[PDB]
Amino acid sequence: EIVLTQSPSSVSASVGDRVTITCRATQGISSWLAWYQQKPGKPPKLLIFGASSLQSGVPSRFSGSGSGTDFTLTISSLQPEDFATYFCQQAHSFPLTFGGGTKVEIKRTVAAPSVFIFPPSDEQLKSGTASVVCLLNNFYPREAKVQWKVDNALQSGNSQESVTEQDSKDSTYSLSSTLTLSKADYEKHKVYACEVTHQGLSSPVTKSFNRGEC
């Protein structure tokens, strides 16, 4: 089994930039390497095969090169429709093998997130479980750290996270974090806090409420 390793895992660039993606193989694949483009919700789209042969209809800004073990996909001038994920594929031998993928994102200036915390509703409290939600709104870049604290106790293993794609109008991300407790545990403590670490923040931002009506 031949394994492919793409680099980098993601890249932020502007329109007009020159982007270079590499694919490394554990063995020699002569020239049986293909490059694909994929946008969310749609199937992959072949761009290069034979490591340099452009598919019919693909713009000439997409160039592929390399042989043997090291390969390279190049976009000579990035265009708005080129922000997507790119995969290499090996066709030297069975099993067929894909690279992990390289996501090309839109670069923009740093944006610090607006943080909001939401206590559980009283309608959910009757079911026996409580969900505290924390929103990180319109930040960039994507790297962020959300830590939950209840009565200053750092929580672990009782939260889940979800991130949107880049917004179509300002290229920022948004993040939702949901802390899930039992109602008994929730009524047992007072102050619930959401601590957010981001490079747009000089100090971490913490939003908090305390259960009751405060």
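Residues carry their position along the shown sequence, with the first being 1.
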The stretch whose C-alpha atoms carry the larger average B-factor in the entry, 201-209 or 14-22, is 14-22
The stretch whose C-alpha atoms carry the larger average B-factor in the entry, 127-135 or 110-118, is 127-135
Based on the PDB entry, the highest CA temperature factor among the options 63, 176, 37, 172 is that of 63
From the entry's CA B-factor values, the highest among 166, 159, 31, 152 is 31
Residue 85: CA B-factor among chain residues, third -> lowest
In terms of its chain's C-alpha B-factors, the third that includes residue 78 is the highest
Residue 48: CA B-factor among chain residues, third -> middle
